[PDB]
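Participant: Before I ask anything, here is the structure I am working with.
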Number of protein chains: 2
Amino acid sequence: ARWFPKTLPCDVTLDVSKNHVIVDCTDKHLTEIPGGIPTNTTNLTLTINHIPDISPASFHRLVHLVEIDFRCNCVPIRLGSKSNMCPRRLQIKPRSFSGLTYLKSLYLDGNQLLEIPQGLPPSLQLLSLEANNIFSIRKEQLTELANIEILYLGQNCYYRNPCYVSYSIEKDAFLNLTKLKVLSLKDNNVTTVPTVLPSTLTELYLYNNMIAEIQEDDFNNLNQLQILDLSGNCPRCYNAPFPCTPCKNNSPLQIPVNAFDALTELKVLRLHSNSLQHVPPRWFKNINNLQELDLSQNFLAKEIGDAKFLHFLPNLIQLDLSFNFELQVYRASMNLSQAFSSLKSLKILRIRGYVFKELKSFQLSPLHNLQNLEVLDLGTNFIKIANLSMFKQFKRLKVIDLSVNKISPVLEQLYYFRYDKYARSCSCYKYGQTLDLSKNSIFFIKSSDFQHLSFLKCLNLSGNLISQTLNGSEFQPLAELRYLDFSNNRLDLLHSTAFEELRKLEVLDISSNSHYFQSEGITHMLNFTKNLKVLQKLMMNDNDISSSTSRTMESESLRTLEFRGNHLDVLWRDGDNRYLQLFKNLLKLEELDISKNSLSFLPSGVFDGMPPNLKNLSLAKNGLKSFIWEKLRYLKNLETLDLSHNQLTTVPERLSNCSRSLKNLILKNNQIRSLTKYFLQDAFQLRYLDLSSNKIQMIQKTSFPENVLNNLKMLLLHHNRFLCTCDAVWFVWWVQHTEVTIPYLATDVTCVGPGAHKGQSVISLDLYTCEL
Amino acid sequence: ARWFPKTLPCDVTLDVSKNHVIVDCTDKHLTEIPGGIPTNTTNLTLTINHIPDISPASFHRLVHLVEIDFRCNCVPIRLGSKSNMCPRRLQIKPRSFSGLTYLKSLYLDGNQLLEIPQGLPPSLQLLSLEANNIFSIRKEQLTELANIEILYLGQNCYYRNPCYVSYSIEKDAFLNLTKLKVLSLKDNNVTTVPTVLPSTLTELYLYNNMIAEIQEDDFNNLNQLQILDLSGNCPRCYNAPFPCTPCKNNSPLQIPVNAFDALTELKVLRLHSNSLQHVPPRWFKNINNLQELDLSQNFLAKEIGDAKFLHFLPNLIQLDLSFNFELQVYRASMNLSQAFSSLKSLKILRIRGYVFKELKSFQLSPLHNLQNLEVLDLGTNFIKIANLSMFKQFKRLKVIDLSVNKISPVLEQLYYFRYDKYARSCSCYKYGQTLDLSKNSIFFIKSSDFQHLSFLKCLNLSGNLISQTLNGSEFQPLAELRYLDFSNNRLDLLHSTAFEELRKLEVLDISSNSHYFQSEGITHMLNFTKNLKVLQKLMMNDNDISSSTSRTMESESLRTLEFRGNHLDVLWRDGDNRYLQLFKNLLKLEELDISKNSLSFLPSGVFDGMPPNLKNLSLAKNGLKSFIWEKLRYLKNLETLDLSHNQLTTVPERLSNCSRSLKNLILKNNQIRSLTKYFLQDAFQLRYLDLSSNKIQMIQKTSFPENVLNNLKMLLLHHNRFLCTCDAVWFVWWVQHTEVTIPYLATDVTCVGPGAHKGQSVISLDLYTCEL
Ligand SMILES: CCCCOc1nc(N)c2c(n1)N(Cc1cccc(CN3CCCC3)c1)CC(=O)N2
Ligand SMILES: CCCCOc1nc(N)c2c(n1)N(Cc1cccc(CN3CCCC3)c1)CC(=O)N2
Ligand SMILES: *[C@@H]1O[C@H](CO)[C@@H](O[C@@H]2O[C@H](CO)[C@@H](O)[C@H](O)[C@H]2NC(C)=O)[C@H](O)[C@H]1NC(C)=O
Ligand SMILES: *[C@@H]1O[C@H](CO)[C@@H](O[C@@H]2O[C@H](CO)[C@@H](O)[C@H](O)[C@H]2NC(C)=O)[C@H](O)[C@H]1NC(C)=O
Ligand SMILES: *[C@@H]1O[C@H](CO)[C@@H](O)[C@H](O)[C@H]1NC(C)=O
Ligand SMILES: *[C@@H]1O[C@H](CO)[C@@H](O)[C@H](O)[C@H]1NC(C)=O
Ligand SMILES: *[C@@H]1O[C@H](CO)[C@@H](O)[C@H](O)[C@H]1NC(C)=O
Ligand SMILES: *[C@@H]1O[C@H](CO)[C@@H](O)[C@H](O)[C@H]1NC(C)=O
Ligand SMILES: *[C@@H]1O[C@H](CO)[C@@H](O)[C@H](O)[C@H]1NC(C)=O
Ligand SMILES: *[C@@H]1O[C@H](CO)[C@@H](O)[C@H](O)[C@H]1NC(C)=O
Ligand SMILES: *[C@@H]1O[C@H](CO)[C@@H](O)[C@H](O)[C@H]1NC(C)=O
Ligand SMILES: *[C@@H]1O[C@H](CO)[C@@H](O)[C@H](O)[C@H]1NC(C)=O
Ligand SMILES: *[C@@H]1O[C@H](CO)[C@@H](O)[C@H](O)[C@H]1NC(C)=O
Ligand SMILES: *[C@@H]1O[C@H](CO)[C@@H](O)[C@H](O)[C@H]1NC(C)=O
Ligand SMILES: *[C@@H]1O[C@H](CO)[C@@H](O)[C@H](O)[C@H]1NC(C)=O
Ligand SMILES: *[C@@H]1O[C@H](CO)[C@@H](O)[C@H](O)[C@H]1NC(C)=O
């Protein structure tokens, strides 16, 4: 097909519209810029390599470069690999960028640079220098950046990349950058707000620094500023998972009451972890367009009961007052000021970590007529008592979050306490109203616990203590529930009527409920599915199921069953036929996951026992040592077969004689050492074949006919044990000249022998001596 | 040293007493009996190989054979490997055994034999034929066995190995085996007790068969019988994990009241799973010596409340009445007959699976004066209520077992429900009185829950629901407790006074209490250890610990800390020094397990931070990609270093220059491709080195000086990538002639190249062409 095999170890994509030729060499274990990069290349990415310097030669020919991403070719010691440390900082010779007359974006993050690289072209709008060793900014070094719009200078002086002195910025260093819109000086040991900043700024990031005081003039001219982040100046250090130095005398970040008066466009104000004890209403007199306010991680517990400043925030969309609790206090209740009722535009209110024992209905009354409220987050509060019926007054809300409490009858999980949540490195809400009770202390449930909550569409009970023999009487109010997460409980399936009161239930997760499955002699009614007549998806992973009182599960609605992490191996013990139809009467089942079931073999009858419409079958992670491929004939709708991570040593003699429907065959991470002579012959339906991470030496055209190979959307071959003799001449020619997508040709499709060619990439192999 | 390298692929042992030459070829992937077996061999084991036949050649030279163990060279299809099925039943040619005049024991189990092998010598005392296909016993085929004493014939006809007919035994088949003491016909589809059996029998196993009736004379002459097992005839089939057919009308096994009259010597009577509804006192009128009685898995719930037969069993040591509940009855209480008080010698009483809601003190009153009672097993009863103080009247007991119940304020776990618990295939009790409350529904504890139980030495609270912030007030009565198992709960370490009331605690297990360690911002006091002044061993595995409020753990007593399965990688994030002395002040710590902590590297300061007497360090399973060996100099008492299952690529240049104390170095399952030139030079302390499962090609004599090798107790080298060229000539010679124990030379110390010698064992290698 192809006339010229691409030997460049980089992905090349054309977007003809934009006008972009994209060359991506991310993580290609390079020590030089590869030769032969297309001269029309507009976007060149060299992230995560070990290229020790940049020079005039680097980009000589590439004069139509609009973006260079050269990040993390020498990342700071404590941020980088300890097994492959960078020996010596990136070296940028004079001249390296001045020729790139069209250069618009330059990323040099994480290269241990000591200075702002000079000689940059006047086309540059974005320059990024995060995680280098530049901790003194001089106006003379910024004159080259006349037209710069976005300047990232952060993470150059902080605990994971220390500079051991205070950051230094010359007076007015940035003022003549008359188009600068975004300046980030985060994580830099900065001690004062630099002045004067250009009035064109829209985004200013000064968080995680050592700024002890804001001067009243600091933001005087910033009448276009939309985002201001001063978080982490005078941090609140309790249970911080990074080294944390508070301001002395337990001072807050000192902010004069008129400090924001010029910020008439401000939309985002972030004051997280500033040790604030009060927030004066005067701050917000001239900020009427403010939409997002973050006051988490201060000392504002008392202020929350007063909060006069809220009267000045009628357009506020999101408010975060999380983790303002007083150390060593376990409040009886939450005192919300009535001033909360002035937040008529509020959609998201987060008050994690206030820390109180009992939530009462009236305590939430200031929120009753907030008609746009979508999310109420009272997580991580150690609440012991809450009558869930109080949320009958919150039908309009999308999410009510009571997660991580101690009640008894999405944000990345390290969110409020990580150092820099925006650090750049080298779910059932969609069903409707959601009550999240996950990780609480609920040991017993009864119908009245859910009185007045029939509007609920998703209930999350994951990670509670529920241990009772559910009999269809526990969720009677929840007539609209579509999704129940019951994972990480101790479900006892004594009654096959469990969950039957949830007549609209579409998704049920009872994964990680193994407790009562682990003890012999206990009744388990796995046929409880029969009563749920709109159930689509059932998850019962990691339940350690090795016994069942019922011989069959039944449903006319289920399409998806996850049954991973169980013991079908003992249920299907050789010589016991009783459970071989366990899934047969799930008549509409399309996807079955029975990975991780210790199935070292499949007894005969397993495939005959599958329900008739099975599309997606996983048998991964089973230690399967053998597989009668012909039995796939029973699976007449089989489309995806996942046999990854097993011990298989052979493929079928003729795949077409095993399944006429099979489209996607995943055989990665097995022990296959050779293919059968006619393996893929006439398997015209095959579209995806993964044989990576096996031990294949040879592939001949008889096993891999071109009439089948050319229809494949993807063919995975990497990490095998290819022998590159003259017997491999067809295989080597084909991979070099095929348009079928094969990943990791640059990385991991290599000869292991013979001697000469060991370790060499198959794509670069010259086998001319075989035709001499 | 050795003049003749041992090439036989079998372990050879001398017992001089003796008179034994033991050759063990278990699981050596043999297809023939290997040549060169010592002529003096007395015990020859060939179990689990694929030797297709036996002939007079097999054992020709071996005329001092006292035992042949030839098990499982052709296991029945459903009991054996599906990846290596046996093609053809074992073939025993004539005369193969008649020559072995001293043969006393012959095991031919699991070979698919169709008939009892003939021509066996008259010395034979033990013949074992389990799991073959012999299901018709003819007196003519037994005449060869005149002197036989032990005869195993079971598992020849049952669901895992069917014969599709009833077992057949000719009348008097065994009568003339006048020295037969042990006859086993279990798992055989037998329909009647064979008669007449020889009066010399001491043990008769007829369990798991189809015997519906015992005739009153079936055991008439067995006046020497000591063990009788009739279990699994008319089985009780509820929740059976094997195919189970009951007797029709669910009759019990019918046993005449005088059936045991001749059995005056009976010590063990097993009547498990016989669907008994009554046990007539008249059964035991002439059985005065009975010590063990198993009546589990019958229908004796009512009988337990009456039980007149117990008055006839004053010497009974063990009684098992487990799993006698009435189906689908949930009794309020346990009705134990007063007759239990006559069991004057009883030490073990097991009544699992009676199934009742409430245990009260007076219900155990029939046991108050059983002065020899040592264990009371009331597990798996679904008990909801029990005042634990009632056990103040059972201080003499060694174990009180309430495991697997529903209380709220060792037997292999497939024990009562396994088909054949004695099937042959091819803990804190030692601390004193134990109350086992594991796997219950205890969500809250207070001191009064343990009133009057101060005698307890071990409490098992594993797998409950305990979620509270322990503060030293929960276990106050337990003044003698030496061992607390608190694993699989939800420990909340808000207070560092947790557990301090247990002043005699020597072992604390708080493993798998990860729940509150998985949510950010929560207080965790890992320094609670300071208060436990005799704590020796602390297990906190799998707690997912990634954050801690205390920077240091402290103890003057702790010897052993298990900290596996946590996140020291994030606690020790590079650039965060705060936790680098977390373990330093555990001043007597000798053993530290910090495997499975995702430590792909160790930040500097980890070794300096270890406590001074650390002897045994595990860093296994961490993904370690690098290791500064010199840092071991800080660990001046280090004796064992376990780095198994990591990604290490190098060993230190000179181990002795890194650690003068190190005795045991485990490096198995790494990526090591070569040893340093002088690796072991002068490591006079080294006694144990494991380099197995790496990628070593070559080992030169400089790396392995013989003054060091000769002190090694063991050196593990198997599963590497040895190159057997003339450069390997020293290593090959050394391996062949050394006395150092190296395991698996027969199995897995092999050449991977060059071509000629691929797959060949190094021990068998002739490299004479290298000296031509
Ligand atoms: C030892 C095997 C006993 C039978 O199996 C079994 N399995 C379980 N999961 C459980 C269980 N019993 N029981 C005991 C039990 C036994 C029979 C009938 C009933 C229910 N009736 C209807 C109303 C009250 C009585 C409960 C309690 C439990 O929570 N769970
Ligand atoms: C958001 C973090 C809150 C602080 O941390 C924290 N961690 C825990 N594990 C828990 C916890 N609080 N609390 C709240 C809390 C906080 C401070 C003091 C006290 C108890 N005092 C003793 C005498 C008067 C009150 C309780 C309850 C709990 O069970 N557990
Ligand atoms: C931030 O700046 C401070 C100084 O303002 C740095 O602290 C100094 O560090 C050196 C050596 O570590 C000490 O000798 C000085 O006494 C320190 N001064 C103070 C005021 O502490 C600090 O290291 C800088 N932070 C980072 C991450 O580099
Ligand atoms: C135990 O013996 C019974 C009969 O004594 C066997 O049952 C017969 O099995 C054959 C073949 O499956 C059937 O055609 C007969 O109808 C059965 N007879 C009766 C009376 O049921 C049984 O197969 C044997 N069990 C094993 C494990 O081999
Ligand atoms: C190419 O560069 C331009 C300018 O920096 C950018 O807008 C575009 O997204 C880039 N395309 C990539 C990186 O694929
Ligand atoms: C919870 O509140 C409802 C009112 O919505 C009330 O009817 C119910 O009794 C309350 N439950 C408890 C336990 O107080
Ligand atoms: C329920 O909560 C758990 C625990 O916080 C979370 O991981 C899971 O995604 C939630 N389930 C759904 C369906 O949102
Ligand atoms: C489920 O299990 C058995 C039949 O398999 C039966 O006793 C029980 O009534 C069944 N219940 C349902 C709802 O199918
Ligand atoms: C050797 O055989 C005799 C007789 O069968 C037996 O008693 C002895 O235990 C055997 N020894 C070993 C080590 O197998
Ligand atoms: C116990 O049961 C036996 C027989 O079922 C009966 O004789 C006796 O009265 C019962 N006692 C109690 C206390 O239930
Ligand atoms: C438990 O029994 C003890 C007597 O041993 C008694 O003092 C105590 O009151 C009982 N506790 C309960 C909760 O009944
Ligand atoms: C406690 O009981 C569990 C079973 O529930 C067992 O796994 C564990 O070993 C026991 N602990 C001790 C110390 O015996
Ligand atoms: C420990 O907790 C109990 C109740 O949980 C409380 O009564 C007691 O005062 C606490 N102990 C101390 C020393 O505060
Ligand atoms: C544990 O550490 C805390 C400080 O983090 C301290 O207040 C407490 O008293 C310490 N407890 C012990 C037993 O050392
Ligand atoms: C070292 O501790 C491990 C537990 O990780 C133990 O299994 C091993 O036997 C110990 N080794 C020595 C030599 O004490
Ligand atoms: C390591 O070897 C050098 C040179 O022989 C020696 O000076 C040094 O003291 C040694 N270190 C240790 C810890 O033995």
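Read-outs throughout are calculated quantities, based only on the coordinates presented, and are distinct from any laboratory measurement. Backbone-built Cβ (ideal geometry, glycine too); neighbour counts: all protein chains shown.
Participant: Would you say B:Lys663 is away from ligand 7 (no atom under 16 Å from the Cβ), out of contact with any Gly (no Cβ under 8 Å at 6 or more places or on another chain) and more than 14 Å from chain A (Cβ to nearest Cβ)?
Facilitator: So B:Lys663 passes the test.
Participant: Could I ask something else about it? Answer yes or no: is there a residue in region A:390-400 that is within 13 Å of chain B (Cβ to nearest Cβ), more than 16 Å from ligand 16 (Cβ to nearest atom), closer than 27 Å to A:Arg270 by Cβ and surrounded by 15 or more Cβ atoms within 10 Å (Cβ to Cβ).
Facilitator: No, every residue in region A:390-400 fails to be within 13 Å of chain B (Cβ to nearest Cβ), more than 16 Å from ligand 16 (Cβ to nearest atom), closer than 27 Å to A:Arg270 by Cβ and surrounded by 15 or more Cβ atoms within 10 Å (Cβ to Cβ).
Participant: OK, next. Collect the residues in region A:402-439 that are facing another protein chain (nearest Cβ under 10 Å) and aromatic (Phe, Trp, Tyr), keeping them in residue-number order.
Facilitator: Scanning region A:402-439 gives A:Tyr415, A:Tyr416, A:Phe417, A:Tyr419.
Participant: Give me the residue from region A:44-87 that is of a type in the set (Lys, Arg) and within 14 Å of another protein chain (Cβ to nearest Cβ) and, out of that set, nearest to A:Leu127 (Cα to Cα).
Facilitator: Within region A:44-87, the match that is nearest to A:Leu127 (Cα to Cα) is A:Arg78.
Participant: Next up: Residue check, B:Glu326 against (1) farther than 26 Å from B:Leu204 by Cβ; (2) touching a helix residue (DSSP H, G or I) at 6+ places or on another chain (Cβ under 8 Å); (3) not in a loop (DSSP other than H, G, I, E, B), all met but one. Which one?
Facilitator: That leaves (3) as the condition not met.
Participant: Also, I was wondering about something else. Name the residues in region A:633-662 that are surrounded by fewer than 17 Cβ atoms within 10 Å (Cβ to Cβ), of a type in the set (S, T, N, Q) and part of a loop (DSSP other than H, G, I, E, B), would you?
Facilitator: Those that are surrounded by fewer than 17 Cβ atoms within 10 Å (Cβ to Cβ), of a type in the set (S, T, N, Q) and part of a loop (DSSP other than H, G, I, E, B): A:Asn637, A:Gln647, A:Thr649, A:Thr650, A:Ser661.
Participant: Among the numbered criteria (1) more than 16 Å from ligand 4 (Cβ to nearest atom); (2) not in a helix (DSSP H, G or I), which one does B:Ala423 miss?
Facilitator: Going through the list (1) more than 16 Å from ligand 4 (Cβ to nearest atom); (2) not in a helix (DSSP H, G or I), B:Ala423 breaks only (1).
Participant: OK, next. Based on what the data block shows, is B:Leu538 surrounded by 20 or more Cβ atoms within 10 Å (Cβ to Cβ), within 16 Å of ligand 15 (Cβ to nearest atom), outside any loop (DSSP other than H, G, I, E, B) and not basic (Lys, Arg)? Don't jump to the end; show me each part of the working.
Facilitator: Values: surrounded by 20 or more Cβ atoms within 10 Å (Cβ to Cβ): yes; within 16 Å of ligand 15 (Cβ to nearest atom): yes; outside any loop (DSSP other than H, G, I, E, B): yes; not basic (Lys, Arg): yes.
In short, yes.
Participant: Identify, please: which residue in region B:356-377 is under 31 Å from the mean Cα position of the chain (by Cα) and more than 14 Å from chain A (Cβ to nearest Cβ) and is, among those, nearest to ligand 4 (Cβ to nearest atom)?
Facilitator: Only one residue tops the list, namely B:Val375.
Participant: Now, a different point. Name the residue that is farthest from A:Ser441 (Cα to Cα), counting only residues in region B:493-516 that are within 14 Å of chain A (Cβ to nearest Cβ) and buried (at least 22 other Cβ atoms within 10 Å of the Cβ).
Facilitator: B:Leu493
Participant: Select, from B:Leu686, B:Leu665, the only residue that is crowded, with 17+ Cβ neighbours inside 10 Å and part of a loop (DSSP other than H, G, I, E, B).
Facilitator: Only one candidate passes the filter, namely B:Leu686.
Participant: Okay, next question. Which condition number in (1) closer than 21 Å to B:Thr549 by Cα; (2) in a loop (DSSP other than H, G, I, E, B); (3) under 32 Å from the mean Cα position of the chain (by Cα) is the one that B:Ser462 fails?
Facilitator: With respect to (1) closer than 21 Å to B:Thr549 by Cα; (2) in a loop (DSSP other than H, G, I, E, B); (3) under 32 Å from the mean Cα position of the chain (by Cα), B:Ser462 is out only on (1).
Participant: Please verify whether B:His272 is within 16 Å of ligand 1 (Cβ to nearest atom) and part of a loop (DSSP other than H, G, I, E, B), treating the condition exactly as stated.
Facilitator: Numbers: within 16 Å of ligand 1 (Cβ to nearest atom): yes; part of a loop (DSSP other than H, G, I, E, B): yes.
So B:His272 fits the description; yes.
Participant: How many residues does region B:144-186 contain that are surrounded by 15 or more Cβ atoms within 10 Å (Cβ to Cβ), of a type in the set (S, T, N, Q), in a loop (DSSP other than H, G, I, E, B) and away from ligand 9 (no atom under 16 Å from the Cβ)?
Facilitator: Qualifying residue count for the region: 3.
Participant: Out of all the residues in region B:337-347, is one or more surrounded by fewer than 16 Cβ atoms within 10 Å (Cβ to Cβ), within 14 Å of B:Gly305 (Cβ to Cβ) and among the small types (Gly, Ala, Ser)?
Facilitator: no
Participant: Still on this structure, please answer the following. Test B:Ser604 against the criterion of being among the small types (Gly, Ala, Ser), surrounded by fewer than 19 Cβ atoms within 10 Å (Cβ to Cβ) and under 36 Å from the mean Cα position of the chain (by Cα), and give yes or no.
Facilitator: No.
Participant: On to the next question. Could you please let me know if A:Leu589 is under 21 Å from A:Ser512 (Cα atoms), crowded, with 18+ Cβ neighbours inside 10 Å and not polar (S, T, N, Q)?
Facilitator: It is false that A:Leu589 is under 21 Å from A:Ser512 (Cα atoms), crowded, with 18+ Cβ neighbours inside 10 Å and not polar (S, T, N, Q).
Participant: Within region B:441-452, can you find the residues that are surrounded by 17 or more Cβ atoms within 10 Å (Cβ to Cβ) and in contact with a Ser or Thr (Cβ under 7 Å, 6 or more places away or on another chain)?
Facilitator: If the condition is that a residue be surrounded by 17 or more Cβ atoms within 10 Å (Cβ to Cβ) and in contact with a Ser or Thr (Cβ under 7 Å, 6 or more places away or on another chain), then B:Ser441, B:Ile442, B:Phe443 are the ones that fit.
Participant: Additional query: Which residues, taken from region B:472-489, are over 16 Å from B:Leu437 (Cβ atoms) and touching a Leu at 6+ places or on another chain (Cβ under 8 Å)?
Facilitator: The answer is B:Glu480, B:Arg482.
Participant: For region A:124-137, indicate whether the set of residues that are part of a loop (DSSP other than H, G, I, E, B) and within 14 Å of chain B (Cβ to nearest Cβ) is non-empty.
Facilitator: Yes.
Participant: So A:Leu120 fits all but one of (1) out of contact with any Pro (no Cβ under 6 Å at 6 or more places or on another chain); (2) surrounded by fewer than 18 Cβ atoms within 10 Å (Cβ to Cβ); what number is the exception?
Facilitator: Here A:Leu120 clears every test but (2).
Participant: Within region B:523-545, does at least one residue satisfy the condition of being facing chain A (nearest Cβ under 10 Å), in contact with a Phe, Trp or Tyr (Cβ under 6 Å, 6 or more places away or on another chain) and within 30 Å of A:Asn440 (Cβ to Cβ)?
Facilitator: no
Participant: Okay, moving on. Of the numbered conditions (1) surrounded by fewer than 18 Cβ atoms within 10 Å (Cβ to Cβ); (2) touching a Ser or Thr at 6+ places or on another chain (Cβ under 8 Å); (3) not in a loop (DSSP other than H, G, I, E, B), B:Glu630 satisfies every one except a single condition; which is it?
Facilitator: (2)
Participant: For residues in region B:546-575 being part of a loop (DSSP other than H, G, I, E, B) and of a type in the set (D, E, K, R), which is nearest to the other protein chains (Cβ to nearest Cβ)?
Facilitator: Initially, region B:546-575 is screened for residues part of a loop (DSSP other than H, G, I, E, B), giving B:546-553, B:556-559, B:563-567, B:572-575.
Those still in the list that are of a type in the set (D, E, K, R) too: B:551, B:556, B:559, B:564, B:573-574.
Details: B:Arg551: 11, B:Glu556: 28, B:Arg559: 30, B:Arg564: 20, B:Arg573: 8, B:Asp574: 4 Å.
Across region B:546-575, the extreme among qualifying residues is B:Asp574.
Participant: Still on this structure, I have one more. Of the residues that sit in region B:401-420 and are more than 16 Å from ligand 1 (Cβ to nearest atom) and not charged (D, E, K, R), which one is surrounded by the most Cβ atoms within 10 Å (Cβ to Cβ)?
Facilitator: B:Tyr419
Participant: What is the number of the single condition among (1) part of a loop (DSSP other than H, G, I, E, B); (2) surrounded by fewer than 21 Cβ atoms within 10 Å (Cβ to Cβ) that B:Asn489 does not meet?
Facilitator: (2)
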